[PDB]
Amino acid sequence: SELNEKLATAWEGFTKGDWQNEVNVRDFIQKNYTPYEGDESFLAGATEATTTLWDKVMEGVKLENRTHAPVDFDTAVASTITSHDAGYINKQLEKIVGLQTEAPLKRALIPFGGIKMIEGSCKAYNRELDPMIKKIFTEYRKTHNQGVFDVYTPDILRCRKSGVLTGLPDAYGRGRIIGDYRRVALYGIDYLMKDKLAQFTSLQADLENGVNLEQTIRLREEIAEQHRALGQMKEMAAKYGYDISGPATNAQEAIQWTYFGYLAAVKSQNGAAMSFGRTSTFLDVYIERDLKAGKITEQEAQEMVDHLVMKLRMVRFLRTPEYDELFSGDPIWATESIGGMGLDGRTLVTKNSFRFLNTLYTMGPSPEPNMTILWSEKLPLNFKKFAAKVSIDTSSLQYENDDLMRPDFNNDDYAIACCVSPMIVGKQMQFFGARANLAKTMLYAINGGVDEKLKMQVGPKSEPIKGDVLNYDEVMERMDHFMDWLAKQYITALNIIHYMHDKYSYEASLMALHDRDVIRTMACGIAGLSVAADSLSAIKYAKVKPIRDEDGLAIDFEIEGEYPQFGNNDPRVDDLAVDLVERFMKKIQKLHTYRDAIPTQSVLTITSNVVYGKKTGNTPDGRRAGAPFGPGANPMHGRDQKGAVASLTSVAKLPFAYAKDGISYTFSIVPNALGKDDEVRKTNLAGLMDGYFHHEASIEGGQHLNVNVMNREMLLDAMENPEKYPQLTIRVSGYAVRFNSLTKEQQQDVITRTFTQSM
């Protein structure tokens, strides 16, 4: 209850508030940020140090892209917060430092998740795993992977095998957790450790009194581990010559301190998505102070942000080839939520909001960080226009509905994890669940649980539907029951996973940057929505004839007549989609979950649209066997043939109320369809999004939107002349990737997607 010298000095000039007496980053931002409604004219360009540093790093990126393999990686060191010595690109040039290992782009071994994935990676890239590391993580330290497979059921293994429930977090970090790295800059490590000690002590009474004994013992051990992690963060920063016991005193230290918090996380956990948070405006408070005090020039501000962002562009994890198939493009999801509006009506847009976007110019286009615009119909027009402009120039940004999420949480400090999943920073997390195959689930309804490809009994043994024609009501009723079964197997698989993940790979350094009690949801994803929705339309508005095999197994279908397709704004096919989202949600919503994580859903697939597509046979909608599904909630490839306003209206109808974990939409529009010149395009793009995201009592609106502005012909050229587009970047499923980083097959999926020609 006394602010020492350290805090008063570091906070000189800052406006007072609860934030000075307790951990409350939101309050600090609310009382100190400077809303900015000006334009981009103040922006500086890169320095020589930035260009030199980035150009050198790109040599490693080019090497990664052409070999589709890591530049290098550890084979004899288990990665922890303090295991590696300091590594640099060029120590003399960097303003913000810190690498995962001792060298740029060298990937680490994070064994706590499973030694098998690591062995598989070593084999896939002709490297050899150290015998001791292998022995330790096989016989001495049990891993998340072995724990999950020691408890899985034979049914879950069958679903995994058949492609109905594949790619779940049983062989890679679950991620979906965002520690509030801003806390390190604002309070310094010692303060945070003191606060965790109080949290630990607060559990003593319940522990002694027998109140929820096991949950209390678990949380106390977790807090103890978090506290130990904070201490390791200091040792880690000291390796770089920094003392972070106290709070950041200037802009450089605020950025350096925040990043150090993130660095500890990417050094200790290999979560699928390791998001950064909502930091640009927070950091602007420190930059703004140094500028007014004349301690830094604007160009120096840009350089600091560029060096920070550059490090985020360098985060790497050793993954398996199977991982590569489910999550393509060497993704990191170092997501940053930019802008938004506060609850008080002010815009949370700052000059730093602009400096972050400006990295796409200072260092060229880049898939990471995953810059996400918190869009509001009330953002400054200067910012709305500049964002569209960056989109048109780079196809590197995504947009999410702040007018929808902010009121939903009734909070102006939530951030986006991975692609489209929101969480109040430092107070919420998700138990990541990948996604289930809804399309194949429909086929199981028609084939009595037998897999159309493996002729295996996977779903519960039922009577396959008989007849030369498929009746909507019959197929559907069956689909309903099979959805019940999918729900049960999915929830059970996740209960096991997260029980084991908490036990064998608890994200201590990230959780140390959260409140004592963290809200947890169990995010369940569904793949192939448009395939199943279209499949139900072709059945309900046309004539579908099952082409059965000698065992009476429907291995194909012939369609008589046209049927309405999702993405054209046709209520007939769009209502089936909306309903399907609602149907699965209510189902998982009844089931018991681990640690009482509240079930939620997301229409998101990442590269599963391809994986599940390959493992699913011909479907009622006319889609061929082994054909990629549409990304996330996207209408099937090329089916949304009525222009932009048409497809956006169809997707914008999907209910966020039954998919709180998010709804992904990858929208690609050719330049001329947006306008004759850039001023027209900027204005039209911003106008489209205003309408897509439009929100009111009677209109929920769209949740997310990836925006690619390009001509299909450019990619084809890129495919043949990769060395010509080293930094070409594109939105593919709720995140971006460098086109040259995808495989031939993954590019084939992209080049065959819809390229909106009209408005």
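So that there is no doubt, residue numbering starts at 1 and follows the sequence shown. Between two forms, the rigid core is defined as the largest C-alpha subset superposing within 1.5 Å.
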Farther-lying stretch by C-alpha RMS in 6 other deposited structures of this protein, rigid core as reference, of 539-547 and 73-81: 539-547
605-613 against 191-199 - segment lying farther from this form in 6 other deposited structures of this protein (CA RMS, rigid core fit): 605-613
Taking the recorded C-alpha temperature factors, which stretch has the higher mean, 222-230 or 321-329? 321-329
Quick note on 76-84 and 581-589: per-entry mean CA temperature factor is higher in 581-589
Per the entry, which of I29, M719, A44, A69 tops the list for Cα B factor? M719
Choose from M500, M479, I178, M304 the residue with the greatest Cα B-factor as stated in the PDB record. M479
Among modelled residues of the same chain, the CA temperature factor third for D473: highest
Ranked C-alpha temperature factor of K466 among modelled chain residues, by third: highest
By the entry's values, the third containing the CA B factor of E452 is the highest
On the chain's distribution of Cα B-factors, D170 falls within the third called lowest
Split the chain's modelled residues into thirds by Cα B-factor; is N24 in the lowest, middle or highest one? lowest
